[PDB]
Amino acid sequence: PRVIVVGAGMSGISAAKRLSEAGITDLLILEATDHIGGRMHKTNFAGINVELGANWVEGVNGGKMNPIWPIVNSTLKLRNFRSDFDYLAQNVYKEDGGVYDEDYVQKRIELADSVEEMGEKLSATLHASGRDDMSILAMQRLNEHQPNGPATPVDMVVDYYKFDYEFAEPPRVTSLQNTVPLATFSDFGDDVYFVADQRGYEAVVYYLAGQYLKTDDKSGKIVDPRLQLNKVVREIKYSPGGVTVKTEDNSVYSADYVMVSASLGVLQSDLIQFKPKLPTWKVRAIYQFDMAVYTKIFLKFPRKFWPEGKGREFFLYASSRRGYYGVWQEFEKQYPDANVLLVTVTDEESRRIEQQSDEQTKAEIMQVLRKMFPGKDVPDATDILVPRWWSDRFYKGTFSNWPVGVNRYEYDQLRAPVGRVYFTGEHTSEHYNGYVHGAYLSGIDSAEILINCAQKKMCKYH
């Protein structure tokens, strides 16, 4: 059987790998960009390679082994460090300079955590159809008995840190049932390890790809003609007998099946035309799920003016404006002596910021920093990097988030195949949507469904 796989991110390379394993080697992987890895991709910033996209292996040291861990931590030995969030209470800055009293902050954190735990108990009891779901915010109101969730500067940045920094949209839009507790953590462990290796987290993808695609003996570059980069799929025609795939440069290919790995945001943007048009139930499923955006803004300074030391890696800015340049990370371990800082924003701020100049964003950040370190002579950043994933047509966002409103059956419709057209990608991960491991696993799962149809003549979906 010949199979075309659209996209060479983690799930597409992962799917083709699984297919190869089942003996389906008549493969054609069409990648829009000039490289593989997709949302796992590094870039040079001021002399160091930093990750534009995924940066952590999330879910480690738990009851089951996150499949991404061994590859990262053993097979490849990518440099990495366990993130420690235990000292946040000593690191929350007031909108107007200096940090808040630690004990005061630890209490607010402890309360936030208790509400969330109460939320996990409620979640376990909800009807599996998702029909009784509610937003994380509704759960907060219920447990705090207030007509609003966190609303003071400190409780709001603690909330953002707890939720938006993980999911990229606010608790009020997010499905409780599908995120609290989060399977990634329940199954794989509460820890997270930040990859900071010149080779990039994407090395995991090149590794997997190398397990079945031919590579150059001296350079090790993949040279297998089954991988074709710079090939943007623009149309997929499918029928009872097969599928035809056309790229922007006018190439046309034929296969027995096609496996689509492009992000949810790509699917929501109509970059790829389906012929015939996808069924309405499929279309609605696509639009109802959320494609979030998480912007890692890197900054480079001529000198250091923030604290370093035990518990200093992560720090928060308690703005009275929710989500305004709130979550900071300093790199004493990852990029020692580089004088870089990373402030993370998402959702509304991400969209605003992608639409204006980096110079304007830098100036906004400089006022924040000077307000945070009033006693320091804070020098202007000499370099800034604003990743624009939402504006990039091959991504249209950073990762999916399960919103209140999408039920179990609707999520299955999002994953479901349409004729000979199969879907894969993090947004099709049953329990790990939004993650690298979810992409990896979704690739295997989608391939297996295809293998069943193709090899075992089992073509019915659910």
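Start at 1 and count along the sequence shown; that's the residue number. In this text, the rigid core denotes the largest set of C-alpha atoms whose superposition between the two forms falls within 1.5 Å.
Asks: Overlaying the structures in 5 other deposited structures of this protein on the rigid core, point out which of 24-32 and 407-415 has the bigger RMS C-alpha shift.
Replies: Greater root mean square C-alpha distance in 5 other deposited structures of this protein: 407-415.
Asks: Out of 156-164 and 127-135, which one drifts farther from the shown form in 5 other deposited structures of this protein in terms of CA positions, with the fit done on the rigid core?
Replies: Relative to the shown form, the greater RMS C-alpha distance in 5 other deposited structures of this protein belongs to 127-135.
Asks: Can you tell me which stretch has the higher mean Cα B-factor, 398-406 or 29-37?
Replies: Comparing 29-37 with 398-406, the higher mean C-alpha B-factor belongs to 29-37.
Asks: Which is higher on average in the deposited entry, the C-alpha temperature factors of 266-274 or of 308-316?
Replies: Stretch with the greater average CA B-factor: 308-316.
Asks: Return the residue from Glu144, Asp337, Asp190, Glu116 that has the highest Cα B-factor in the entry.
Replies: Of the options given, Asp337 has the highest CA B-factor in the PDB entry.
Asks: When the CA B-factors of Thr244, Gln140, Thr295, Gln367 are compared as recorded in the entry, which is the largest?
Replies: Result of the comparison over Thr244, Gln140, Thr295, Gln367: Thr244.
Asks: Using the temperature factors of the C-alpha atoms in this entry, rank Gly12 within its chain: lowest, middle or highest third.
Replies: Lowest third - that is where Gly12 ends up once the chain's C-alpha B-factors are sorted.
Asks: Going by the CA temperature factor in the PDB record, which third of the chain does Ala447 belong to: lowest, middle or highest?
Replies: Within its chain, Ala447 is a lowest-third residue by C-alpha B-factor, going by the deposited values.
Asks: Going by the CA temperature factor in the PDB record, which third of the chain does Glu430 belong to: lowest, middle or highest?
Replies: Highest third - that is where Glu430 ends up once the chain's C-alpha B-factors are sorted.
Asks: What third of its chain's C-alpha B-factors does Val60 belong to: lowest, middle or highest?
Replies: Highest third.
Asks: Compared with the other modelled residues in the chain, in which third is the CA B-factor of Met156?
Replies: Lowest third, going by the recorded CA B-factors of the chain.
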